[PDB]
Structures are given as structure tokens and as C-alpha cells.
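Reading the structure
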Amino acid sequence: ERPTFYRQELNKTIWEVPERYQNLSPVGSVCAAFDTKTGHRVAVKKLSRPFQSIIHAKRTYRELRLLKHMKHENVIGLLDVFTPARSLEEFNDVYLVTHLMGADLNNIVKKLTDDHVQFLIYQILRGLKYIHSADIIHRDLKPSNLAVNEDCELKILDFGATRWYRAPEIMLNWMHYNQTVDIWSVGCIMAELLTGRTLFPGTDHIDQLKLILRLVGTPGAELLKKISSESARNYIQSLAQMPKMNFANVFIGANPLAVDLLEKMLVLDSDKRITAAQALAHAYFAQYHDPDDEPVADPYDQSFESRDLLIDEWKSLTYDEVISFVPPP
Ligand SMILES: Cn1ncc(C(=O)NCc2ccc(C(=O)N[C@@H](CCC3CCCCC3)C(=O)N[C@@H]3CCCN(S(C)(=O)=O)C3)cc2)c1N
């Protein structure tokens, strides 16, 4: 049967939630709460006008579909989703419930042993193997999107500078992108954990690209062969004029296996960049890698992503997913 809701106002926002969630306190529109059913603290996010427009309705549908799919130790999961509405005609608000994250990767680092770096990057790559197997690309991996508890256990999420961790093919608007845009980001994150400083702290995207190119070098012939336009080929050479740095110097003091792995992640040609599944088998993770416990995802139906639908259609699809939700064990 339908739970009893109670109404509350917080930070000028109306909150209507099942009575099981008590002691809401604001932390978007997100409250920490106490889940009386289980005894643990949770986070409750109220989406902001989810069906005000076509783009909002589709983004609401997308986030719910993605959250309902994620069943992996290193990826955020959905504990609950609800609406106060009793029917589709009344359906206007959507609430998502997740675990409460006490700290992100930045909070944790405010210096890690090489063992901590191994374990943190291992977990990111394990979560990425999972989401990438479902043809899901994060596209905005960065320390503030990584929840880490005091036990160094890590989950990937997207709260929604990105620039510093972004793959060069995106900032250059090159033709083909693949899932290894996320691997570039992992390389940038791992570098920072090892050195304590941002690897490519660009002031703008052009500055960013210049710093990238002086470390990883101007494109080689194999990469240049795949770039269609003369002006793009000339431009990337315009940006590769700073005196060249070398990995060995930049990462002095790091585990040599870590530097080898970084050289395989920070590759300009995304056809040659190491994948998440390949990276898990790198010697740097020898103490953690287990091929029997690095699972892939169930098939994920992305057919909706290409659709141009009306607001009421996206809303009805979202309502369907709210109603069909099954809590995890
Ligand atoms: C202190 N603390 N502790 C917990 C919380 C909290 O807030 N808990 C609620 C919450 C948190 C994160 C998410 C989340 O990660 N939403 C992912 C799910 C998909 C991704 C796919 C790649 C792997 C990670 C999960 C996603 O789709 N995020 C998009 C990012 C930008 C685009 N939007 S949009 C669809 O346009 O609106 C959203 C959702 C709800 C908090 N503050």
C-alpha cells in the first residue's frame, strides 16, 4: 500500500516524503535524512521542476533510468524513488534516495600512500569497467564526483574545474569519441594523487591543451591520418610549441609501475588509450586485481536517447519507472 507522506518546508522548498524518512536537514535540492526502516542516514534529492520542459522531462527520465540500472559496489545506487502523487494526472515531483556520502576525493586528500592510490584508482577503474560495458560514458569524472569513506572505499557518481580532467579530443571537437574519454580523466586524477598538484591546470581550454601537448607530445603520423581537416591538423601543431616535458621527470618519486600506467592512460589517440578492463590487469594493481570480481553490467536499454518526444510522453515513461521500482536487498 501507499505510505503516509508528511509535508515540510526547507530553504523555501516544499518537501513531501514518506514518514519513514525523518529529521530532514538540507545539505541541488538535497536533504540528509534518517531512514527509520533501516536505521541509516540517507540523502534525498528532490528534482527541480522535472517536467517544466521537454529537455527537463528527458533529463529526469535519463537520470532515473541510469540510477535504476546501477548495481555495482563502486557506483552510486538507487535506494528509493517516490512521488507524493497518487496518479499520473497528479504526477509532478520526483524524489531520489541514495546513501549519504560524507566526503569526496578532495576532502579525503586534504597525502596518500602508494597503497591508497592503488586502491582508489583500482576502484574507479572497476566501476568504469562496469558502466562502460553498458555503453555508458561518465564524461565528467573528477575528484568532486568521487565519494570516498574513511575506509577508502570509493563510489562513482555525478552531482552535476571539469576542464582539468577533460580529454583533449573533446576540447578540440575531434570527430570520434569513445569510452576512453573517461580513462583520460582517471589519468589526470591519479597523477594528482601521486604528485599533490593538478597535472594540467589550464586557465582556459587553449592553455589546457598547450599544457597537455607539451607532456604527451604533438600527434604522430598514425593519429594525424585520422584527422579530416587541414585546419584542425595545423591547429593542433600550433598548440604543441611549448618546450616538451617528459613523464619520467614529472612523476619523479612515484612507483615506476604507476608511471607506466599513466603513460598508457594519457595517450592523445583515443584508439590507442588503455581501456578500463585492460587497466585492471596492469601490474600496478597486482595486489587488488581479481578477474572473478570485476563484473560487467546487465544490458542497458539506451534506445530512448535518440528519441524526440513530447513532455507528457517523457513524464509517463518516468511515472512508469517510478511505479516499477524494486528496492535493493
Ligand atoms: C552529501 N551527499 N550524499 C549524497 C548526495 C546526493 O545528492 N544524493 C542524491 C544523488 C546523487 C548523485 C546522483 C547521480 O550520480 N546522478 C547521475 C546518475 C548516473 C551516473 C552515470 C555515470 C556513473 C555515475 C552515475 C546523473 O544522472 N547525474 C547527472 C549529472 C548532470 C546531468 N544531470 S541531468 C540528468 O541533466 O539532471 C544529472 C543522483 C542523486 C549528497 N549531496
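Residues numbered from 1 in each chain as written, not as in the entry; some residues may be left out. Heavy atoms only, no water. Residues with missing side-chain atoms left out of burial classes, pairs and counts.

This deposited entry lists X-ray crystallography as its structure determination method and 1.80005236022 Å as its resolution.

Named according to the PDB entry, the chain is Mitogen-activated protein kinase 14 originating from Mus musculus. For this structure, the PDB entry title reads "Crystal structure of MAP kinase p38 alpha in complex with inhibitor SR276". Under the heading Cofactor, UniProt records this for the chain: "Mg(2+)". (UniProt positions renumbered as here; feature names shortened; annotations may be inferred.)

The subject of this paragraph is the overall build of the chain. A tally of regular secondary structure across the chain gives 12 helices and nine strands. Here the C-alpha atoms of the chain give a radius of gyration of 22 Å, agreeing with the 20 Å that 2.2 N^0.38 yields for 329 residues. Taking the principal axes of the C-alpha coordinates as reference, the chain spans close to 65 × 45 × 40 Å. (Helix = DSSP H or I, 4+ residues; strand = E, 2+ residues; numbered from the N terminus. Rg over C-alpha atoms; globule rule 2.2 N^0.38 Å.)

In this section: the layout of surface pockets. Which parts of space are left empty comes out when a probe the size of a water molecule is rolled across the atoms. Empty space within the second largest pocket amounts to approximately 690 Å³. Mapped onto the lining of the second largest pocket, the elements with two or more residues apiece are β5 (40-46), α1 (54-69) and β7 (95-99). A per-element tally of the lining of the second largest pocket places α1 first, with four residues. Tallied by class, the residues present in the lining of the second largest pocket amount to 15 nonpolar, six polar and 11 charged. (1 Å grid on protein atoms, 1.4 Å probe; cavity = no way out; pocket = protein on both sides within 12 Å on 5 of 7 lines; lining within 4 Å. Points joined across faces, edges and corners; volume = space filled by probe spheres on them. Nonpolar A, V, L, I, M, F, W, Y, C, P; charged D, E, K, R; others polar.)

A few words on the packing of helix α3 (residues 114-133) against helix α5 (residues 181-195). Viewed as axis vectors pointing N to C, α3 and α5 meet at an angle of 170°, and their least axial separation amounts to 10 Å. The angle between the axes of α3 and α5 places the two elements in the roughly antiparallel class. Residues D114, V117, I121, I124, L125, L128 and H132 of α3 lie in contact with α5, whose contacting residues are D182, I183, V186, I189, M190, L193 and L194. (Axes fitted to C-alpha atoms, helices over the stretch in contact; angles between N-to-C directions. Parallel < 35°, antiparallel > 145°, perpendicular 65-115°, else oblique. Contact = heavy atoms within 4.5 Å.)

In the vicinity of the ligand, 19 residues are found, and the nearest of them are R59, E63, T98, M101 and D158. One nitrogen or oxygen atom from the main chain of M101 is found 2.9 Å from a nitrogen atom belonging to the ligand. Summarising the interface, the protein chains cover 80% of the accessible area of the ligand, which totals 890 Å² for the free molecule. Mapped onto the shell around the ligand, the elements with two or more residues apiece are β5, α1 and β7. In terms of residues, the shell around the ligand owes the most to one element, α1, which gives four residues. (Near = heavy atom within 4 Å. Polar contact = N/O pair within 3.5 Å; in protein donor to acceptor, adjacent residues only side chain to side chain. Areas by Shrake-Rupley, 256 points an atom, 1.4 Å probe, with all protein chains shown as cover.)

Within this structure's numbering, the places UniProt gives as "active site" are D158. Relative to the helices and strands, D158 is located in the loop between β9 (154-156) and α4 (168-171). In contact with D158, other than residues within four places in its own chain, are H138, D140 and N145.

This part takes up the environment of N255. Relative to the elements of secondary structure, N255 occurs in the loop between α9 (247-250) and α10 (256-265). Residue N255 is classed as partly exposed on the basis of its relative accessible area of 22%. Taking the C-alpha atoms as reference points, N255 and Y284, 29 residues apart in sequence, are found 8.4 Å from one another. In this structure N255 touches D114, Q118 and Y284, once residues within four positions along its chain are discounted. At 2.9 Å, the side chain of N255 and the side chain of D114 are in polar contact. (Buried < 20%, exposed > 50% of the residue type's maximum accessible area, 1.4 Å probe, protein only.)

Taking strand neighbours across the sheet as the criterion, the five strands line up as β3-β4-β5-β7-β6 in an open arrangement whose pairing is antiparallel. The open sheet has two edge strands, β3 (21-26) and β6 (80-82), and neither has a second partner. Direction aside, neighbouring strands of the sheet carry axes that sit 25° apart on average. Pairing analysis gives three bridges linking β6 to β7, with the strands arranged antiparallel. Within the sheet, the bridge partner assigned to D80 lies in β7 and is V97. (Pairing = 2+ DSSP bridges.)

Attention shifts here to the environment of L78. With respect to the helices and strands, the residue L78 is situated in the loop between α1 and β6. Sequence separation of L78 and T36 is 42 residues, and the distance between their C-alpha atoms is 17 Å. Discounting chain neighbours no more than four positions away, the residues touching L78 are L64, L67, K68, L96, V97, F325 and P328.

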